[PDB]
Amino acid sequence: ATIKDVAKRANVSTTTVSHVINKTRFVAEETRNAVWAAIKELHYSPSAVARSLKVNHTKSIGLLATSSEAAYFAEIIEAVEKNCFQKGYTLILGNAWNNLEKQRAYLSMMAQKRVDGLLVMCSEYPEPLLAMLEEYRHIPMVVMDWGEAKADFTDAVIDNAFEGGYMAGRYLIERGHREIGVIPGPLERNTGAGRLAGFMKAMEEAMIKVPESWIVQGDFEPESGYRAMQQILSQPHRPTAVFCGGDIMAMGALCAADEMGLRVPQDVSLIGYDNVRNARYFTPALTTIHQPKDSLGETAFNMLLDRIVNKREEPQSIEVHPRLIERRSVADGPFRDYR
């Protein structure tokens, strides 16, 4: 039950039991064995609580997420978790659903549980949230979802969402389109506003004007893709191509088109963004901008461990890069031959 119970069965001091258990000093074989034996019948399981109390670190990390079911998110989380495990850390998952109160709560429970570091993925960063976060500059942390380093008291991994938005637009332009519409994600997020603007730069470069009736705000959820695609194609004049800010929303856009009798890409070309695991099996196989979700995770974890173990003080930031994945949802547009 307790180290004391073990030391006693083994007839050695607890100081000894602890040394064999942690190979922190040489112990006579025979001695070791005895301890192991006792450890065994006693069915001892050392208390990490006790230990952490003395050693001052819990070997545990907290993820302050937005939600965890959304494919995008879910893929990152599973990555972060992979890393913790292989480096002996334990993951504490907390979804704040973009709720300040919730954020304030989890943040606290976390601090109380004395997590060695914090991985932050809150989507939106209002001042109040930015404020609560600084109050914990003491806990080592890294934000994995900004496009620029919003603050000095944290590490940051940046996705170059603007560059990707730009890649998306260029591709459409290079395929022959000039009448393009867009369904962006929330402008309050990096993956929302960022991708959009990247996209819009390329349009401007090509002197392509995007009429406002062709821009419909989504929320990364499929229903939102569904309604937007519908509002776009449900009009007199419709674009020949659509840039959809997120794969899952795109999936929604695909379904509406089909329900309206439109053909993809024969009638409308569709390009998404994220390259979630199932994008290839959408119907038709989705052409999209890939976000390195795995590296985003691993890179974030690593910066954390650094700050952790190597007691780093300076905020760091590391970029990651998106890349176009051609599938079958895009077709040449009316101006292809003219380039």
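Numbers for residues come from their place in the sequence shown, where the first is 1.
- Compared against other deposited entries of this protein, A256 counts as consistently modelled, with coordinates in all of those that resolve the residues around it and thus below the third mark.
- Compared with other deposited structures of the same protein, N190 meets the criterion of being unmodelled in at least one third of those that resolve residues on both sides.
- In this entry, 32-40 has the higher mean Cα B-factor, the comparison being between 47-55 and 32-40.
- Of the two segments examined, 248-256 and 126-134, it is 126-134 that shows the higher average Cα temperature factor in the deposited entry.
- The top Cα temperature factor in the record, among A71, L196, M141, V80, falls on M141.
- Of all the options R114, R238, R170, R178, the entry's greatest CA B-factor is assigned to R238.
- Among the modelled residues of its chain, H290 has a C-alpha B-factor that falls in the lowest third, as given in the PDB entry.
- Compared with the other modelled residues of the chain, the Cα B-factor recorded for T191 ranks in the lowest third.
- Per-chain ranking of the deposited C-alpha B factor places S18 in the lowest third.
- Ranked by C-alpha B-factor against the other modelled residues of its chain, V27 falls in the lowest third.
- Sort the chain's modelled residues by C-alpha temperature factor and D152 lands in the highest third, per the entry.
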